[PDB]
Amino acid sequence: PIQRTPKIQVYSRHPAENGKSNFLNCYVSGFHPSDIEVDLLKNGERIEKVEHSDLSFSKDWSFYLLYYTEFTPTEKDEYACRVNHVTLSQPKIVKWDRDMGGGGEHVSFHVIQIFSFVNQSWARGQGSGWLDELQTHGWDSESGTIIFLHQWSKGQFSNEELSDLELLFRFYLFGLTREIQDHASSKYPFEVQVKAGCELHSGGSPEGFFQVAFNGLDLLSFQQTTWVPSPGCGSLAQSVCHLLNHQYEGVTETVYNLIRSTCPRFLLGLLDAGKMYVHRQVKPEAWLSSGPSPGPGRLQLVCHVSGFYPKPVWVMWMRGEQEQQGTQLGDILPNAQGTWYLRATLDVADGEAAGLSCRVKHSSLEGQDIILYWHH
């Protein structure tokens, strides 16, 4: 409790051309609880070499996962994303289909924790590090060590400082668990989610946060130096804010230092070390495919823009210079190696399809847009 149903999006990283090698992405988001089963399928079989990000969540507090794998489109073969969840009567299988598109400021650094307590002596725990929507760290649960995903993931910190963080985290975890095992007594499962870290805004002003959700609900947050419960009431929230407020501070002194000070300095180190490796402005490539039929005598035009970085992008359906108002822009989804994916669709009558084109705007293009024309 309580329950959210997974949303599933499947998309390739390149145009689909039979025999030619490609990447199958599956993005699974909007779900609660965290317990889930995602497989990429080839011809009904589970593909055993896949990549997945660790479990993360949205501001909603609902979870999302990215999945991907190498694949080769063929006339013959068949690919899917199969998801099982407590909100699903049956595992949803959503095929990837060329012809349907395969249906379904500031920088930030945050540390993510998910704790799953089935009871007192049984509990999963997982945590990771995120630089904006790019995962940069993992946590080795069994040894209490940090997994550095990229060559630049130490991000201009020394080994000696990163050791201290590891140790720090270890104690802290011991803390949460003992603390959470007490508060003990028709039941019995619950979930806890912590999002701790910092935004850095243009001009250099940082903004820490350390916020908790209980069973997918806002529980409490750290707000410019005061732990603050979310409206309930709301007594677990007030009680725990109370413990953290006044039983122990010095932990909040630590936390304050961590999120206002350590965090942004780490974050900027990440940015500095990352620039070296990856990546400059990257041009998207684009392609057309139909999408699912909107009905008899009607077509769905899909326009895919993939592999562009940075994120800011403009995509629209056109007749000439006229924007077509029906255009629906999907969400901008992440690709395997960190670039972006977006698709725009348009539903149109059979005979009015000819002459419509997809226009794509991006920084990397030097003002020379990508134009693609629908043909029959």
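One rule holds for the numbers: they count along the sequence shown, beginning at 1.
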Enter the number of deposited residues without atomic coordinates between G104 and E105, binned as none, 1 to 3, 4 to 9, or 10 or more. 10 or more
With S121 and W122 adjacent in the shown sequence, let me know how many deposited residues between them lack coordinates: none, 1 to 3, 4 to 9, or 10 or more. none
Stretch with the greater mean C-alpha B-factor as recorded in the entry, comparing 241-249 against 158-166: 241-249
Can you tell me which stretch has the higher mean Cα B-factor, 31-39 or 333-341? 333-341
Checking the record values for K92, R280, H137, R298, which has the greatest CA B factor? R280
Residue with maximal Cα B-factor (values as given in the PDB entry) among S293, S289, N84, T254: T254
Chain thirds of CA B-factor: placement of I114: middle
Report the third (lowest, middle or highest) to which the CA temperature factor of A354 belongs, ranking only the modelled residues of the same chain. middle
Chain-wide C-alpha B factor ranking for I2, given as lowest, middle or highest third: highest
Third assignment of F171 from its chain's C-alpha B-factors: highest
Split the chain's modelled residues into thirds by Cα B-factor; is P206 in the lowest, middle or highest one? middle
